[PDB]
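> Sharing a structure here in structure tokens format.
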Amino acid sequence: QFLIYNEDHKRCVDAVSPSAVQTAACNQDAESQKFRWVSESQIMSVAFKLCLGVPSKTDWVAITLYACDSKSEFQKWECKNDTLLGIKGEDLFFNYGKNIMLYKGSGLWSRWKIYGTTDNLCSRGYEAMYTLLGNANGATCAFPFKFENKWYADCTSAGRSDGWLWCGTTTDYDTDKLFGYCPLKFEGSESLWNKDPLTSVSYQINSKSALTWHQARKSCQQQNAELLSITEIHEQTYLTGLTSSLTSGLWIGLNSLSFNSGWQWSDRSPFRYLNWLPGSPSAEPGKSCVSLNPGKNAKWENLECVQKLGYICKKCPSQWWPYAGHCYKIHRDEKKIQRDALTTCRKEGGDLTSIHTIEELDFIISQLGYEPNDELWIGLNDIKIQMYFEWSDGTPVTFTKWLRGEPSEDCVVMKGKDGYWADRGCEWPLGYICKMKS
């Protein structure tokens, strides 16, 4: 993908033979000059599909093209200082001049930039391409791999007529036959994403894969997406009818990795919908990653994050205080239940307040006269549809700051010093907050 330039001589690096690596005039249309990181420490020649290496970790040896072995300590290179390149461990650098001789010199002949940039070669490092479908259960692409007595350094379409880019998850396909499609924009590609009718969002159900939660997140990110986030009923329902035939575990983007808070969506989505399995969430430590369970009726259960399963991706009048085009008012005299306090606001021209920003919650706790020991009703409720919390005024639920252990009770209140929320019985007399459009 990149050439290997040298400032002091204004030339690149030319791969001549499987045992001859020299320099030449910098040409970007020369296969013999292109290289690419196949691992975090291996540098492969695009021409010969062979990795650069040395015979020994000693001074003044020839740097030619070896066979890419993941365990070979003589192929591991890493960037020290800035543009200095040396074998992993030894202070023996990539000295130059016919063949490129490894040598303990660190002069300008041992400092190398990417042709076209002023950065070291490690600036465009290797990116693990987690495979899709295939028979490899979503393992990372392994370059270079042999197929039909030919080596490939990037995703190919040989052995096919459909143009689907695929790779070999092992160095030798014709022996192991382990492959998987590449997270790239295929000539088709749109078969992998099941588009939502209503919201027109795309989902990708990777059922026949075995990756950890962190790996599953990377595979969604590199595809320009993010792990699943269920914030609707129509979204949860559409996914249940889809994965109905499936029965294995499926990672989703619901985690509790944050040591400070509880459960949260990895894509910053507001926690407004619940669909837990009977017995979940359970009080185990480290079980901080939620997986969908289409076999057990598409419900959520938290397991250890290192488990290897499937995963799904996704692409003002008086007494009324003004803030952001709305007017607010706190009631503390006569404490009322959630339905009685609701009817009061709508006779006054407003509704139970709806918090859509952290700034709006901060305005209530800091300026509105909110005492730290108050317990005030808010319009949040799942009274109508179970487990699906909705606002009173019909405004969208875009911001949710729950309390530790909350939501543990079809009605929610503001309590604690931070002004966080908590669900409780709708039949308890309390104060309440109100909101009306100015």
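Starting from 1 in every chain, residues are counted up; chains themselves are A, B, ... following the order of the structure tokens, and ligands are numbered from 1 as listed.
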Contacts between range 131-134 of chain A and range 292-404 of chain A, please, where a residue of range 292-404 of chain A counts if it comes within 12 Å (with only C-alpha atoms); show its shortest atom pair and distance in Å to one decimal, rows by chain and ascending number, as a tab-separated table.

residue	atom	partner	partner_atom	distance
A:310	CA	A:133	CA	10.7
A:311	CA	A:132	CA	10.9
A:312	CA	A:132	CA	11.5
A:313	CA	A:132	CA	11.8
> List the neighbours of range 42-56 of chain A out to 6 Å using only C-alpha atoms; skip same-chain residues closer than 5 positions along the sequence, and give me the result as a VMD selection string.
chain A and resid 31 to 32 34 to 37 63 to 68 74 to 76
> Would you mind exporting the chosen residues as a PDB file, in the first residue's frame, restricted to N, CA, C and O atoms?

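Output (part_38.pdb):
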ATOM      1  N   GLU A  31       4.938  -2.581  -8.881  1.00  0.00           N
ATOM      2  CA  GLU A  31       4.590  -3.617  -7.913  1.00  0.00           C
ATOM      3  C   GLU A  31       5.798  -4.032  -7.086  1.00  0.00           C
ATOM      4  O   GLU A  31       5.657  -4.372  -5.905  1.00  0.00           O
ATOM      5  N   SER A  32       6.995  -3.988  -7.678  1.00  0.00           N
ATOM      6  CA  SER A  32       8.216  -4.385  -6.987  1.00  0.00           C
ATOM      7  C   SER A  32       8.648  -3.391  -5.916  1.00  0.00           C
ATOM      8  O   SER A  32       9.602  -3.674  -5.183  1.00  0.00           O
ATOM      9  N   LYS A  34       6.091  -1.692  -3.881  1.00  0.00           N
ATOM     10  CA  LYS A  34       5.019  -1.559  -2.908  1.00  0.00           C
ATOM     11  C   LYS A  34       5.155  -2.611  -1.816  1.00  0.00           C
ATOM     12  O   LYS A  34       5.521  -3.761  -2.081  1.00  0.00           O
ATOM     13  N   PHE A  35       4.865  -2.204  -0.585  1.00  0.00           N
ATOM     14  CA  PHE A  35       4.854  -3.083   0.574  1.00  0.00           C
ATOM     15  C   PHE A  35       3.590  -2.821   1.378  1.00  0.00           C
ATOM     16  O   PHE A  35       2.863  -1.854   1.134  1.00  0.00           O
ATOM     17  N   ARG A  36       3.326  -3.697   2.348  1.00  0.00           N
ATOM     18  CA  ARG A  36       2.148  -3.557   3.192  1.00  0.00           C
ATOM     19  C   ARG A  36       2.349  -4.348   4.475  1.00  0.00           C
ATOM     20  O   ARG A  36       2.830  -5.483   4.441  1.00  0.00           O
ATOM     21  N   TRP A  37       1.979  -3.744   5.600  1.00  0.00           N
ATOM     22  CA  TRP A  37       1.991  -4.457   6.870  1.00  0.00           C
ATOM     23  C   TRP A  37       0.913  -5.535   6.857  1.00  0.00           C
ATOM     24  O   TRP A  37      -0.278  -5.229   6.736  1.00  0.00           O
ATOM     25  N   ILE A  63      19.175  -8.137   3.992  1.00  0.00           N
ATOM     26  CA  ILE A  63      17.742  -8.099   4.261  1.00  0.00           C
ATOM     27  C   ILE A  63      17.037  -8.471   2.963  1.00  0.00           C
ATOM     28  O   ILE A  63      16.936  -7.659   2.039  1.00  0.00           O
ATOM     29  N   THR A  64      16.546  -9.708   2.885  1.00  0.00           N
ATOM     30  CA  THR A  64      15.844 -10.165   1.693  1.00  0.00           C
ATOM     31  C   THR A  64      14.410 -10.560   2.025  1.00  0.00           C
ATOM     32  O   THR A  64      13.880 -10.178   3.073  1.00  0.00           O
ATOM     33  N   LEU A  65      13.782 -11.331   1.142  1.00  0.00           N
ATOM     34  CA  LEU A  65      12.390 -11.735   1.293  1.00  0.00           C
ATOM     35  C   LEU A  65      12.330 -13.178   1.780  1.00  0.00           C
ATOM     36  O   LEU A  65      12.765 -14.094   1.075  1.00  0.00           O
ATOM     37  N   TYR A  66      11.794 -13.374   2.979  1.00  0.00           N
ATOM     38  CA  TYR A  66      11.598 -14.692   3.555  1.00  0.00           C
ATOM     39  C   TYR A  66      10.133 -15.101   3.396  1.00  0.00           C
ATOM     40  O   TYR A  66       9.336 -14.408   2.760  1.00  0.00           O
ATOM     41  N   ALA A  67       9.768 -16.241   3.976  1.00  0.00           N
ATOM     42  CA  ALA A  67       8.379 -16.674   4.023  1.00  0.00           C
ATOM     43  C   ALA A  67       7.729 -16.117   5.282  1.00  0.00           C
ATOM     44  O   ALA A  67       8.302 -16.206   6.372  1.00  0.00           O
ATOM     45  N   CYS A  68       6.542 -15.537   5.133  1.00  0.00           N
ATOM     46  CA  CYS A  68       5.869 -14.887   6.256  1.00  0.00           C
ATOM     47  C   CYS A  68       5.480 -15.939   7.289  1.00  0.00           C
ATOM     48  O   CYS A  68       4.523 -16.693   7.099  1.00  0.00           O
ATOM     49  N   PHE A  74      12.830 -13.160  13.242  1.00  0.00           N
ATOM     50  CA  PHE A  74      13.671 -12.443  12.294  1.00  0.00           C
ATOM     51  C   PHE A  74      12.869 -11.643  11.276  1.00  0.00           C
ATOM     52  O   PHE A  74      13.460 -11.060  10.362  1.00  0.00           O
ATOM     53  N   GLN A  75      11.543 -11.602  11.411  1.00  0.00           N
ATOM     54  CA  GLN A  75      10.687 -10.806  10.543  1.00  0.00           C
ATOM     55  C   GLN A  75       9.998  -9.660  11.270  1.00  0.00           C
ATOM     56  O   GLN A  75       9.295  -8.873  10.627  1.00  0.00           O
ATOM     57  N   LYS A  76      10.173  -9.542  12.583  1.00  0.00           N
ATOM     58  CA  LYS A  76       9.434  -8.570  13.382  1.00  0.00           C
ATOM     59  C   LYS A  76      10.188  -7.245  13.374  1.00  0.00           C
ATOM     60  O   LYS A  76      11.300  -7.150  13.905  1.00  0.00           O
TER      61      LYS A  76
END
> From the set A:262, A:294, A:138, A:407, which residue has the shortest atom-to-atom contact distance to residue 218 in chain A, counting only C-alpha atoms?
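When distances to residue 218 in chain A are compared using only C-alpha atoms, the smallest one comes from A:138.
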> From the list A:230, A:341, A:258, A:15, which residue is nearest residue 291 in chain A when using only C-alpha atoms?
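That would be A:230, the residue with the smallest distance to residue 291 in chain A.
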> Can you list, as a ChimeraX atom specification, every protein, DNA or RNA residue that comes within 10 Å of residue 7 in chain A when you count only C-alpha atoms, leaving out same-chain residues fewer than 3 positions away?
/A:10-12,108-113,115,118
